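Analysis of the macromolecular model
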2 protein chains.
Amino acid sequence: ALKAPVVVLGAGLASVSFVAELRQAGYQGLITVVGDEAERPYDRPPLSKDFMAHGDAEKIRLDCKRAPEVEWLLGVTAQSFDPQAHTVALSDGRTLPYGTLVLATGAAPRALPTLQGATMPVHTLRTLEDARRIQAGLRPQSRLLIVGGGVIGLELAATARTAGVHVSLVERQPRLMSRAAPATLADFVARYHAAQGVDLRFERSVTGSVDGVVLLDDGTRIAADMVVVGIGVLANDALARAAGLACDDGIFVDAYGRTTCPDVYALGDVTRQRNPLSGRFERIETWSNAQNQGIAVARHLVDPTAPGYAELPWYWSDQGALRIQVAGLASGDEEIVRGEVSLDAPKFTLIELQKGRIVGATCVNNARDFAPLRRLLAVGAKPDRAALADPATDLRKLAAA
Amino acid sequence: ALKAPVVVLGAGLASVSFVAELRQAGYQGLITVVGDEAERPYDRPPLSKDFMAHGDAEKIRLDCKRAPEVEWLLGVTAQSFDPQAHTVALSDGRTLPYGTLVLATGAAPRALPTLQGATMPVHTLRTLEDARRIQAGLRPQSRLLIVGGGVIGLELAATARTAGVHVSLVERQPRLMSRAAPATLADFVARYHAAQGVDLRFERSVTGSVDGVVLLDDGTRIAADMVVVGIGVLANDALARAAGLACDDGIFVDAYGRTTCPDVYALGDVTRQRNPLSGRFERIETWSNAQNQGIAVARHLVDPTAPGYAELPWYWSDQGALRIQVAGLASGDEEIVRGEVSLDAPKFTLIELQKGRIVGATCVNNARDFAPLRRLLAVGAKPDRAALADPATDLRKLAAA
Ligand SMILES: Cc1cc2nc3c(=O)[nH]c(=O)nc-3n(C[C@H](O)[C@H](O)[C@H](O)COP(=O)(O)OP(=O)(O)OC[C@H]3O[C@@H](n4cnc5c(N)ncnc54)[C@H](O)[C@@H]3O)c2cc1C
Ligand SMILES: Cc1cc2nc3c(=O)[nH]c(=O)nc-3n(C[C@H](O)[C@H](O)[C@H](O)COP(=O)(O)OP(=O)(O)OC[C@H]3O[C@@H](n4cnc5c(N)ncnc54)[C@H](O)[C@@H]3O)c2cc1C
Ligand SMILES: NC(=O)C1=CN([C@@H]2O[C@H](COP(=O)(O)OP(=O)(O)OC[C@H]3O[C@@H](n4cnc5c(N)ncnc54)[C@H](OP(=O)(O)O)[C@@H]3O)[C@@H](O)[C@H]2O)C=CC1
Ligand SMILES: NC(=O)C1=CN([C@@H]2O[C@H](COP(=O)(O)OP(=O)(O)OC[C@H]3O[C@@H](n4cnc5c(N)ncnc54)[C@H](OP(=O)(O)O)[C@@H]3O)[C@@H](O)[C@H]2O)C=CC1
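Residues numbered from 1 in each chain as written, not as in the entry; some residues may be left out. Chains lettered and ligands numbered in written order. Heavy atoms only, no water. Residues with missing side-chain atoms left out of burial classes, pairs and counts.

Topic: the overall build of chain A
What counts, and what does not: Per the convention used, a helix needs a DSSP run of H or I reaching at least four residues, while a strand needs a run of E reaching at least two, with both numbered from the N terminus. Two things to know: the radius of gyration comes from C-alpha atoms, and the globule rule equals 2.2 Å times the number of residues to the power 0.38. Contacts between residues were defined by any pair of non-hydrogen atoms, one from each residue, lying within 4.5 Å.
Scanning chain A from terminus to terminus reveals ten helices and 26 strands. Relative to the compact-globule value of 21 Å for 401 residues, chain A shows a C-alpha radius of gyration of 22 Å, a close match. A principal-axis box enclosing the C-alpha atoms of chain A has dimensions of 60 × 60 × 35 Å. Within chain A, contacts between residues separated by at least 24 positions form 61% of all contacts whose residues are at least 6 apart in sequence.

Written as structure tokens, this is what we have:
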């Protein structure tokens, strides 16, 4: 079942969470983690916010305290694994044996093919190294072009604007945050960023670039000092594909984290997995999934009577004045709006229903309502829609029933 | 690896092919097959053609000669399996032990929700029982409505027209065969069926029905004596889902037929698997996949040095005067047309290319060209596009190089 020794590939949040849970659950056998970045394991969300702005990496490290007696092979790349021999080949020339192999290799940013041969700075934002490079190439009154209106681009937009950087943003879709956000939220978010001076360009794609100017598909030009591309990520599933595991931009796993290869597990951003709400497989890229799927897989490995991973997806995104929280599905057959949707001290809550049942929720600058909404979502609650809209209703009270 | 005893769930083409290959490859341990239909195992394509027209089921049975010493439990439903206990629970009250479990349970037709409460005959066409019922409810000059312009509906359309049945066909898409057919082929096929008297209704959906009349979304009505619904199939993956395997309208498998559950394999229509051409996972519903994936999985189970399943997808469809064969992707960046596309003695070949490389092909009434085109497709050939178009070119010769 859980067979020693355990080897984990990747040393991000998912991996750290997994190995800390193994220890906490009582596994005392060998754990070796292989991490290609030569960095003390660290959390990524500050890279678009407080780290980007203030630059102290020692405030963003992950705590490995709950993972004692782990050897972390930092700055080392796993090059292949042989699932028959039960071995992993490392870039430093060593080989690791394993009883259980855990793939927690995450995802890497998609490149924009039309900027491949560019002769101006073009960066993506995923690592400490990326953050440091983008940080050092921006100055107040510089001109930053962001490609992609996802949460990373928008988080960077906010931070750049606060620093006095002029920001343009090109998005292929008619709206921002098309991945996992209610249209009502996306529209408001566009309203917010436009008011903070972001120059938004919708339904535009980059067709190429020439000597410091980016070219768009509507025949026009944008001049920038730097391009940051944030058009999503792609699973780091190369080792899995080579070794014969089922993959498709992500390693297919069940609720136990099992791949199609015996004794090989996967978790976090690298996985394609079931979303219990939609009942479909999806590659979930959220911080909460990385942590929670990692814990769930570990728990069940040590104690096979534990249930499989069962959490419903949620995320937050901090974008300047907007502290955004989103849980569940972006849409249902009904949206209930609690509060006013206003740039004047923004504060509101959205609730998505499907046939009377809560299937998703959004809070903007309203954390207190988000926890109880997540509880209602989990148990498939069907509150009175009238009470859901009524400002006088205590969602915390409601949730407690 | 291959651990006795072997239990297979489902007794269709995929299952028969799998168990015959196990025997041929040298496995001599127990094989028990559980098949819910109380029928000698049989092939389905004649159900829309020669069986529908002539009604002799003894011409459509699968040969189990190459699968000696197999117990076929016909008319028995597997209700669950316990992958820990390594047992399968049967509807007759018995339990089967297994060393290796193989899920070959196929797929069932999708129902049309707007006809659920209908009070006129509404059938789907998948089994011998379906065929017999549709057969007995049609008469010459009866009015048949077919919902769905896939190969099954079109095959039935042809057979019904030949029998003197009036046929209407409603399709949601602007074209027929939207699943896996080049647009050039689909357009011609519509031309053919219209000329044979089929009343085609595109971009229409059924909204319901009232007392022998079907209602459409454009506010209109179609009167028919019988509706046959052919809007695709859904994987029979219930046992897999309950048992904790990764599934999403189909059981995820790698090229060895492995699911995410140790000692459980799956093959045929029930599987979601990698299409090597598109590099994406797909549920492939072709006869050739059922047979060939079943053989490939068996071969590798007996002999683990054998390669995994590697075939590229292809199918045929016999529709009246049109003997259609299609291999690979429906489209690339270029289509080459060999011959004239004409209702006057139809005979032509399409070739789809992607950056010089053959990625798909179609033959209509030209079997001799289809085999060599499949060989060129397999090795990713890049023939001179000029020679591909030139009528004087021998594709068989070309393929032999
Ligand atoms: C700029 C930024 C802002 C973010 N803000 C938010 C946010 O507002 N909200 C939110 O929910 N999430 C946010 N995220 C955080 C995010 O969701 C987590 O970082 C992520 O989900 C963690 O997943 P992971 O541990 O599986 O993968 P990763 O963090 O990618 O870790 C995988 C590691 O494995 C390494 N690796 C890959 N292949 C190999 C190999 N062969 N050998 C060794 N190592 C290998 C990778 O390089 C990587 O270091 C943000 C991320 C970024 C980059
Ligand atoms: C009308 C018709 C026309 C066709 N014509 C074409 C064609 O022109 N071209 C083409 O390429 N293909 C055609 N097909 C044939 C087709 O592609 C094959 O029949 C199919 O791919 C076989 O897949 P299978 O063996 O995996 O599944 P199936 O044939 O569905 O066999 C699975 C069996 O398992 C049974 N089962 C499911 N659950 C359980 C359980 N819990 N316990 C026991 N048994 C269970 C099912 O009832 C079924 O009998 C046609 C099919 C039909 C119905
Ligand atoms: N469910 C989840 O997994 C969610 C994850 N997050 C976060 O998302 C982050 C990563 O994604 P991010 O970088 O922000 O970008 P996104 O994945 O959000 O994508 C942003 C936009 O880029 C567009 N795009 C994608 N591909 C291309 C392309 N080839 N050319 C031009 N445009 C393209 C997309 O449009 P289009 O749709 O047309 O391709 C999309 O509108 C992760 O860090 C994660 O934390 C946030 C919410 C939910
Ligand atoms: N690659 C493969 O797997 C292929 C399999 N085949 C054969 O396909 C057969 C089964 O499919 P078949 O029954 O013919 O139908 P199809 O899967 O071909 O679908 C036919 C049409 O039905 C429409 N449709 C689907 N769902 C609905 C719905 N809920 N309401 C209204 N219309 C809908 C589809 O449109 P829409 O797209 O909008 O949903 C589609 O255009 C199998 O027997 C197999 O042999 C043939 C070629 C390739």
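More follows now that the structure is in view.
So, the interface of chain A and chain B
Note the cut-off: The buried area of a pairing is the accessible area, by a 1.4 Å probe, that goes missing from both parts when the two are put together, added over both. Think of a salt bridge as a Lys or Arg side-chain nitrogen and an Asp or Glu carboxyl oxygen that are within 4 Å of each other. For this classification, the nonpolar set comprises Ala, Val, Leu, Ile, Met, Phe, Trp, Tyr, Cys and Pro, the charged set comprises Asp, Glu, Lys and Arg, and every other residue, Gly included, is treated as polar.
With 16 residues of chain A at the interface, the matching set in chain B holds 16 residues. Carbon and sulfur atoms supply 52% of the area that chain A and chain B bury against each other, a total of about 1300 Å² over both sides. The largest per-residue losses of area from chain A upon contact with chain B belong to A:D248, A:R258 and A:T260, which jointly make up 37% of the total buried on that side. Applying the counting criterion to the chain A and chain B interface returns two salt bridges. For B:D248, the salt bridge identified is with A:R280, shortest N-O distance 2.6 Å. For the side of chain A that touches chain B, the per-class residue count stands at eight nonpolar, four polar and four charged.

Let's talk about the site of ligand 1
Residues and elements named next belong to chain A. The following threshold applies: Whether a residue is near a molecule or strand is decided by its heavy atoms; if any one of them lies within 4 Å of it, the residue is near. Here a polar contact is taken to be a pair of N or O atoms separated by no more than 3.5 Å, where protein atoms must pair a possible hydrogen donor with a possible acceptor and residues adjacent in sequence count only if both atoms sit in side chains. We get accessible surface area from the Shrake-Rupley algorithm with a probe of 1.4 Å; when it comes to residues, only the shown protein chains can shield them.
In the vicinity of ligand 1 lie 34 residues, with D36, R44, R126, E155 and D269 positioned nearest. Side-chain polar atom of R44 to an oxygen atom of ligand 1: 2.8 Å apart, as the coordinates give it. Between ligand 1 and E155 there is a distance of 2.6 Å, counted from an oxygen atom to a side-chain nitrogen or oxygen. When the free accessible area of ligand 1 is taken as 1000 Å², the share hidden by the protein chains comes to 93%. Looking at the shell around ligand 1, the elements with two or more residues in it are α1 (13–25), β2 (31–35), α4 (151–162), α7 (287–302) and β22 (314–319).

As for the site of ligand 2
Residue and element names in this part refer to chain B. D36, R44, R126, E155 and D269 are the nearest of the 34 residues found near ligand 2. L13 is positioned with one of its backbone polar atoms (N or O) 3.2 Å from an oxygen atom of ligand 2. In the environment of ligand 2, an oxygen atom lies 2.8 Å from a nitrogen or oxygen atom belonging to the side chain of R126. Burial of ligand 2 by the protein chains amounts to 94% of its free accessible area of 1000 Å². Sorting the residues of the shell around ligand 2 by element identifies α1 (13–25), β2 (31–35), α4 (151–162), α7 (287–302) and β22 (314–319) as the ones contributing at least two each. No other element matches the three residues that β22 contributes to the shell around ligand 2. Its residues assigned to classes, the shell around ligand 2 comprises 16 nonpolar, eleven polar and seven charged.

Remarks on the environment of A:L154
Residue and element names in this part refer to chain A. In this structure, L154 sits in helix α4. When the C-alpha positions of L154 and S17 are compared, they lie 27 Å apart, and in sequence the two are 137 residues distant. Look past the residues within four positions of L154 in its chain and what remains in contact with it is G149, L169, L176, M177, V189, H193 and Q319.

Points about the environment of B:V214
All names here are of chain B. By secondary structure assignment, the location of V214 is in strand β14 (residues 213–216). When the C-alpha positions of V214 and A389 are compared, they lie 46 Å apart, and in sequence the two are 175 residues distant. Leave out the neighbours within four places in its chain, and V214 touches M120, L145, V206, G208, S209, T220, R221, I222 and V227.

Some words on the packing of aromatic side chains
Selection criterion: Pairing of aromatic rings covers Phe, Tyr and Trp, the last counted by its six-membered ring, and requires centre-to-centre distances within 6.5 Å; plane angles under 30 degrees mean stacked, over 60 mean edge-to-face, and any other angle means tilted. Buried residues are those whose accessible area, probed at 1.4 Å on protein chains only, stays under 20% of the maximum for their type, while exposed residues exceed 50% and partly exposed ones sit between those limits.
Counted by the stated rule, this structure contains 13 aromatic pairs over all chains. Each ring, one from B:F252 and one from B:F281, has its centre 6.2 Å from the other, and the planes form 50°; the classification is tilted. Placement of B:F252 in strand β18 (residues 251–252) and of B:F281 in strand β21 (residues 280–282) is noted, with a sequence separation of 29 residues between them. Looking at B:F252, the relative accessible area reads 2%, which means it is buried. Aromatic side chains B:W314 and B:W316 sit 6.5 Å apart centroid to centroid with 45° between the ring planes, which places their arrangement in the tilted category. Judged by relative accessible area, which is 18%, B:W314 ranks as buried. Ring-pair connections join several aromatic residues into one group, and the members of that group are A:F252, A:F281, B:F252 and B:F281.

A word on the pattern of salt bridges
Opposite charge on two side chains makes pairing possible when the charged atoms of those side chains draw close. As enumerated under the stated definition, the model contains 40 salt bridges over all chains in all. Of the charged contacts in the structure, one is a salt bridge between A:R201 and A:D199, with a shortest N-O distance of 2.9 Å. Salt-bridge contacts for B:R374 lead to B:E311; the nearest nitrogen and oxygen are separated by 3.5 Å. Of the two residues, B:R374 is situated in helix α8 (residues 367–378) and B:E311 in the loop between α7 and β22; the sequence distance between them amounts to 63 residues. Assessed through its relative accessible area of 38%, B:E311 is described here as partly exposed.

Overview of the sheet that holds strand β7 (residues 100–103) of chain B
Paired through backbone hydrogen bonds, the strands of a sheet run either parallel or antiparallel to each other. Residues and elements named next belong to chain B. Using the following cut-off: Two strands are counted as paired when DSSP detects at least two bridges linking them. Angles shown run from 0 to 180 degrees and are taken between the N-to-C directions of axes, each axis being a line fitted to C-alpha atoms and, for helices, limited to the stretch in contact.
Across the sheet, five strands lie side by side as β3-β2-β1-β7-β19; this open sheet has parallel pairing. The strands lining the two open edges of the sheet, one partner per strand, are β3 (71–74) and β19 (264–266). Direction aside, neighbouring strands of the sheet carry axes that sit 20° apart on average. As paired elements, β7 and β19 share three bridges and run parallel to each other. Paired with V102 across the bridge in β19 is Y265.

Observations regarding the side chain of B:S15
Residue and element names in this part refer to chain B. As for its placement among the helices and strands, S15 is situated in helix α1. Of the polar contacts made by the side chain of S15, one reaches the backbone oxygen of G10; its length is 2.8 Å. Excluding residues within four positions of it along the chain, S15 makes contact with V8, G10, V33, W72, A104 and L267.

Remarks on the relation of the copies chain A and chain B
The line we're drawing: A least-squares fit on C-alpha atoms is used to superpose the copies onto one another.
By a simple turn and slide, chain A fits onto chain B: the slide is 0.0 Å along the axis, the RMSD is 0.0 Å, and the turn is 180°. A rotation of that kind, with that shift, is consistent with a two-fold axis. Taking the C-alpha atom as reference, chain A places A:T260 closest to the rotation axis, 2.1 Å from it. Taken together, the interface assignments show that 100% of the residues at the interface of chain A recur at the interface of chain B, consistent with an identical surface on both copies.

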